[PDB]
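Asks: Have a look at this one.
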Amino acid sequence: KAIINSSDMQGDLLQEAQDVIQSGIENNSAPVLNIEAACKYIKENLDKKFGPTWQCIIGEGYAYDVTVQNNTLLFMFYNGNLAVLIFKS
Amino acid sequence: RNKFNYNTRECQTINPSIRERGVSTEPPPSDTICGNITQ
């Protein structure tokens with residue numbers, strides 16, 4: 022249940038980002054899951070796929086303030102209440 | 163005189179010109195934003 026909240030990049034990379042966060046959920050889908058392992062997976066996948074200097078962040082209540090390259094930023098929400106930010110720098 | 167008179171000849175090669183031209187690259191630009199995290 023992906024709910025995109027703020028988009029900056031191109032729709033293809035949008036789709037692949039959603040697919041990768043999904044695959045991360047399945048890699049870690051259990052009460053013992055940690056968002057950190059899925060974060061590692063998201064960032065490393067987007068590195069080996071669309072280049073380095075990616076950054077994955079997952080949570081539900083927090084406050085970031087980061088610098089991002091244009092057309093390389095996404096933030097979104099899940100019906101499962103997972104707010105997921107990703108960005109390249 | 164004894165060997166009969168010789169015959170002049172001519173040959174020259176093709177000589178390209180030397181030009182001095184200099185060009186530039188530039189450091190690509192970058193962006194720096196800041197955003198907050200929503201509920």
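These protein sequence lines are chains I and d, in that order.
In case it helps, the entry's author numbering puts the first sequence at residues 22 to 110.
In case it helps, the entry's author numbering puts the second sequence at residues 163 to 201.
We treat Cβ as the ideally placed atom computed from N, Cα and C, and that holds for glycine.
Kindly list the residues whose CB is nearer than 6 Å to the CB of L67/I, restricted to its own chain and excluding five residues on each side of it in sequence; keep chain order.
Replies: Along the first sequence, read from residue 1 onward, the residue named residue 67/I stands at position 46. Around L67/I: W75.
Asks: By DSSP's criteria, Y99/I is part of a beta bridge. Which residues make up the other side?
Replies: By one-based count along the first sequence, residue 99/I stands at place 78. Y99/I is bridged by DSSP to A23/I.
Asks: What number of angstroms, rounded off, separates the C-alpha of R181/d from the C-alpha of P189/d?
Replies: In the second sequence, counting from the first residue as 1, residue 181/d sits at position 19. In the second sequence, counting from the first residue as 1, residue 189/d sits at position 27. Computed Cα separation, rounded: 27 Å.
Asks: With DSSP run on the structure shown, which of helix, strand or coil describes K109/I?
Replies: As a first step, residue 109/I is located in the first sequence; it is residue number 88 there, counting from the start. In this structure, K109/I counts as strand in the three-state DSSP scheme.
Asks: Quick check: what's the CA-CA separation for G184/d versus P178/d?
Replies: As a first step, residue 184/d must be located in the second sequence, where it is residue number 22. As a first step, residue 178/d must be located in the second sequence, where it is residue number 16. For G184/d and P178/d, the distance between alpha carbons rounds to 19 Å.
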